[PDB]
Amino acid sequence: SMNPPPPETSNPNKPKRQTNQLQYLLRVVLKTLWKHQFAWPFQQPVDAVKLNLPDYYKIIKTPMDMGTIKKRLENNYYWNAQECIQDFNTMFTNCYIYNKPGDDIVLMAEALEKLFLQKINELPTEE
Ligand SMILES: Cc1noc(C)c1-c1cc(O)cc([C@H](O)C2CC2)c1
């Protein structure tokens with residue numbers, strides 16, 4: 001059994017910025033989700049070997065997780081907030097695509113996603 005390489009978190013030739021919106025995504029959005037009781041399955045890439053999910057990376061072709069997003073934010077990987085918001089949405093969508101309604105992991109994702117939506121509703125206007 002084999003995991004793919006993780007998503008990219010470093011690329012010196014990708015242009016990047018540290019906008020007030022990106023700072024909010026780290027300080028408010030990531031921090032809020034990371035500390036939640038249901039964060040743990042989302043704090044690193046899905047390990048299809050350890051979890052015995054040999055079909056996971058056949059079904060999910062754009063993997064994403066908050067460990068990756070945390071590294072991207074800490075490393076100032078992004079150009080804009082939309083890039084980062086897309087990563088959170090990819091993470092949630094992947095979970096809904098792979099799993100069944102009512103599974104524990106789906107309930108966990110839905111709780112995180114409610115908080116995510118509440119926090120990005122107050123994304124600040126760009127400085
Ligand atoms: C994310 C994700 N997407 O699909 C699956 C399956 C997971 C997943 C990842 C984990 O690191 C651990 C678990 C456990 O089953 C948790 C729910 C009790 C699930």
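Position 1 is the first residue of the sequence, and the numbers go up from there. Because only heavy atoms are used, hydrogens play no part in the values below, and waters and symmetry mates are left out as well, while side chains stay in.
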Asks: Does any non-hydrogen side-chain atom of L123 lie less than 4.5 Å from one of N121?
Replies: no

Asks: Nearest 0.5 Å please: distance from the NZ atom of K70 over to the NZ atom of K31.
Replies: 8.5 Å

Asks: About how many Å separate CG of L33 and CE of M91, when rounded to the nearest 0.5 Å?
Replies: 6.5 Å

Asks: Enumerate the ring-ring contact (aromatic ring centres under 6.0 Å, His included) contacts for residues 9-36, please, sequence neighbours excluded, ordered by first and then second residue.
Replies: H36-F38

Asks: Look up atom OG1 in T90 and atom CD1 in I69, then write down how far apart they are to the nearest 0.5 Å.
Replies: 8.0 Å

Asks: Taking C-beta and beyond as the side chain, do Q18 and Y78 meet within less than 4.5 Å on heavy atoms?
Replies: no

Asks: Using modelled atom types only, decide if a donor and an acceptor are shared between the side chain of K119 and the backbone of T32 within a distance under 3.5 Å.
Replies: no

Asks: Could you walk me through whether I120 and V29 pass the side chain to side chain contact (heavy atoms under 4.5 Å, CB included) check?
Replies: CA-CA 7 Å; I120 68 170; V29 180; 4.2 Å; yes

Asks: Salt bridge between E83 and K14, side-chain N to carboxylate O under 4.0 Å?
Replies: yes

Asks: Should the heavy atoms of other residues, nucleotides or ligands under 6.0 Å from NZ of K61 be counted, would the total exceed 12?
Replies: yes

Asks: Counting N and O atoms only, with roles assigned by atom type, does the side chain of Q21 sit under 3.5 Å from a partner on the main chain of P124, one being a donor and the other an acceptor?
Replies: yes

Asks: Heavy-atom distance under 4.5 Å between the side chains of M64 and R72, does that happen here?
Replies: yes

Asks: For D65, what residues pass the side chain to side chain donor-acceptor pair (under 3.5 Å) criterion, not counting sequence neighbours?
Replies: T68

Asks: Can you tell me if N99 uses its side chain to pair, donor with acceptor, with the backbone of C95 under 3.5 Å?
Replies: yes

Asks: Distance-only, no hydrogens or angles: does the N20 side chain make a donor-acceptor pair with backbone N or O of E127 under 3.5 Å?
Replies: yes

Asks: Look at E126 together with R17 and state whether they make a salt bridge at an N to O cut-off of under 4.0 Å.
Replies: yes

Asks: Taking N75 for its side chain and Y77 for its backbone only, find out whether a donor-acceptor pair lies under 3.5 Å.
Replies: no

Asks: Do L115 and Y96 sit in one hydrophobic cluster, given that two such residues count as connected whenever their side-chain heavy atoms are within less than 4.5 Å of each other, even indirectly?
Replies: yes

Asks: Can you tell me if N3 uses its side chain to pair, donor with acceptor, with the backbone of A48 under 3.5 Å?
Replies: yes

Asks: So which heavy atom on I105 is nearest to which on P41, and how close?
Replies: CD1-CB, 3.5 Å

Asks: Would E110 and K114 pass as an ion pair if we require N to O under 4.0 Å?
Replies: no

Asks: Below 4.5 Å, heavy atoms only, C-beta onward: do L73 and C84 meet side chain to side chain?
Replies: yes

Asks: Is there a path of hydrophobic side-chain contacts, each under 4.5 Å between heavy atoms, that joins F88 and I60?
Replies: no

Asks: Could you see if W79 belongs to whatever hydrophobic cluster contains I85? Use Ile, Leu, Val, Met, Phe, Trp, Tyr and a side-chain cutoff under 4.5 Å.
Replies: no

Asks: Between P63 and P7, what is the shortest heavy-atom contact and its length?
Replies: O-CG, 3.6 Å

Asks: Decide whether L30 and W40 are clustered together by the hydrophobic rule: side chain heavy atoms of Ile, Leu, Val, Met, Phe, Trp, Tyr closer than 4.5 Å, transitively.
Replies: yes

Asks: Can you confirm whether more than 12 heavy atoms, excluding those of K16, are under 6.0 Å from its NZ atom?
Replies: yes

Asks: Taking the side chain as C-beta and beyond, is there a heavy-atom pair between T62 and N94 under 4.5 Å?
Replies: yes

Asks: Under 3.5 Å, which donor-acceptor pairs link side chains of residues 49-57 to any protein atom two or more places apart or in another chain?
Replies:
| residue | atom | partner | partner atom | Å |
| --- | --- | --- | --- | --- |
| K50 | NZ | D47 | OD2 | 2.9 |
| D55 | OD1 | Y98 | OH | 2.6 |
| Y57 | OH | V46 | O | 2.7 |

